[PDB]
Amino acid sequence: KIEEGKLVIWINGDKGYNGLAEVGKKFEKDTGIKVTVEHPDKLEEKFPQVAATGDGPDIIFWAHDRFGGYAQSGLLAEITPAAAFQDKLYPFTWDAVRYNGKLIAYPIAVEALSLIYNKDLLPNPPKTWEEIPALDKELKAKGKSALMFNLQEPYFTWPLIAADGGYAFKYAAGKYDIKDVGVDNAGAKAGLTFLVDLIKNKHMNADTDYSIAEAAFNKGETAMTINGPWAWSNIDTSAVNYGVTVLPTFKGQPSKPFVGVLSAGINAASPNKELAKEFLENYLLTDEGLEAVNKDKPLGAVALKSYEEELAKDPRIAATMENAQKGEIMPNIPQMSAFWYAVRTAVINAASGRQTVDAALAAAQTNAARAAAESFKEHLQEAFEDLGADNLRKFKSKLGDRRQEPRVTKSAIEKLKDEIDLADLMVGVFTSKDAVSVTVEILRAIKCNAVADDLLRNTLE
């Protein structure tokens, strides 16, 4: 499925992929070899499904937190450059791509979130989170609002949850301890309570996503947003006059974002391994290669010393590195994808009012330690689709009548939209193993025995 004598590359659709295609045209004009760039949907989950049997791209781009799990499954080739090349990039960027003693990818650039504001609507931005409710009121009298950002992905809400004390896994004596999880302490509860109260008092809406918020800022309808360096380009095209600065404090403490390093790995089953090393070391990681990508969509603070010393004179970049020093570098261990699925479910149920804050975070502490939890959620979704709409109305009636603990209110059931919402409510209230046991019990009481049997052989077994 992988053809000898050319190169195929995969990268996310919010980065500068037309700029990267210009670098491959130059490689073709010096050697004749053709390069193709693609941007599929959900690529961080498609890559481990196709590469296990030897298919996929020659080269894959993503942040460093996903790569430890790919290496444990045997999907990547080892990286081995000469000491003369290694001295061209900062030593702290090589530390982020080192796993069990070996290097497993090439580092490209450093990314962190900041606060972006409209100078004509608000020439002096606020220094604390506590000030935002009163400022929303002044702006409505002009037909506007104060702040809008993406509420569906937990990367954007984590800086406030961590300000007064929350954490992922505890670091002690040279290693992360995978059975000491920090999403349910006193500091984590206070930050999530402040976010839900903004929604209750009608300063924000619970269905806001990435493209809704991007259009409102660029049209002048809102005063502030929260985003990374890749977004600066489309703002330049618009009519808005903008600045970039440090995030606000909470209870007197700084906000603390998680920082990522964009990186490039090589497929263990590729037959083009030495063509791939020549493209990356001699064409992309140079002054003129990185300049072509940066002009399409900006990269942040790059890994190559000779070019980063010039970019550091830009005041937008100085603010990016101040937020990075108040935050923390992400771990790369294989347990990180189970952590991100658990926190995503907790924020969605609490912002929509289907669960209380305290009950949602106590279940996340348990789900974050279970490797197979997200797989169980996908098998529940498929069983609800197979019942059909008439039989699924009977299922939801019996769930609302249960007297066993924990109980589910009838108002919360009427607010669901489809089969994906129902599977997320079940794993968030009961945790993942108990969710399957209760579902099988209700299916037997409405006489749907074939569906219950198929679900059992693919989970608890």
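Numbering starts at 1 and runs along the sequence shown.
Of the two segments examined, 192-200 and 222-230, it is 192-200 that shows the higher average Cα temperature factor in the deposited entry. Judged by mean Cα B factor in the deposited record, 350-358 ranks above the other of 350-358 and 149-157. The maximum CA B-factor among the listed residues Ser306, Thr320, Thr366, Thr345, taken from the PDB record, is found at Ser306. Sorting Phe27, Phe47, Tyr70, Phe61 by the CA temperature factor given in the entry leaves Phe27 at the top. When all modelled residues of the chain are sorted by CA temperature factor, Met426 is found within the lowest third. When all modelled residues of the chain are sorted by CA temperature factor, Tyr171 is found within the highest third. Looking at the C-alpha B-factors along this chain, the one for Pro125 belongs to the highest third. Among all modelled residues in this chain, the alpha-carbon of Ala105 has a temperature factor (C-alpha) in the lowest third. Looking at the C-alpha B-factors along this chain, the one for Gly252 belongs to the highest third.
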